[PDB]
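[1] what follows is a protein structure lacking sequence information:
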């Protein structure tokens, strides 16, 4: 039942670094985190979910973990999505 909205600048998006990160990070907790967009709502699956919503520069999102380690997820999940801001 946790959640966290953001505003990144990765005009490239969830590349090989943030993608592989969310895979292990999210898969670790196992809880389903629904990562939304300024005009969309899906799971931050990276494989396509994030691609569809487009996580470019200034990309606004809203994540929600609902499973078991839904809180711990938010923290480590940030570091992951936070990596996107380390680009442009």
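    Perfect, thanks for sending it. Numbers count the residues shown, from 1 in each chain.

[2] grab the nearest non-local neighbour of residue 87.
    residue 10 (4.7 Å; Cβ to Cβ, 6 or more residues apart in numbering). Just so you know, the C-beta spots here come from the backbone N, C-alpha and C atoms, and that holds for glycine as well.

[3] state the distance from that neighbour to residue 65.
    21 Å (Cβ to Cβ, to the nearest Å).

[4] neighbour count for these two, which is higher?
    Between residue 10 and residue 65, residue 65 has the larger neighbour count (other Cβ atoms under 10 Å), namely 25 against 21.

[5] wait, isn't the more buried one in contact with residue 76?
    No. The criterion here is Cβ atoms under 8 Å, and residue 65 misses it with residue 76 at 10.4 Å.

[6] shared neighbours of the two, which are they?
    Taking Cβ atoms under 8 Å, 6 or more residues apart in numbering as the contact rule, residue 65 and residue 76 both touch residue 29.

[7] still on that earlier bit, ok, the residue nearest to residue 87 - contacts?
    With Cβ under 8 Å, 6+ apart, residue 10 has these contacts: 18, 55-57, 59, 84-85, 87-88.

[8] now the strands for this structure?
    2-9, 32-37, 40-43, 57-66 (DSSP state E).

[9] will you turn these into CSV that also has distance to residue 50?
    Listed next are the strands of the chain as CSV, based on distance: least, Cβ to Cβ, whole Å:
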stretch, distance to residue 50
strand 2-9, 11
strand 32-37, 7
strand 40-43, 8
strand 57-66, 9
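
[10] just the ones you listed: most buried one?
    Sort the strands of the chain by mean neighbour count, taking mean count of other Cβ atoms under 10 Å, and strand 32-37 sits at the top with a mean of 20.
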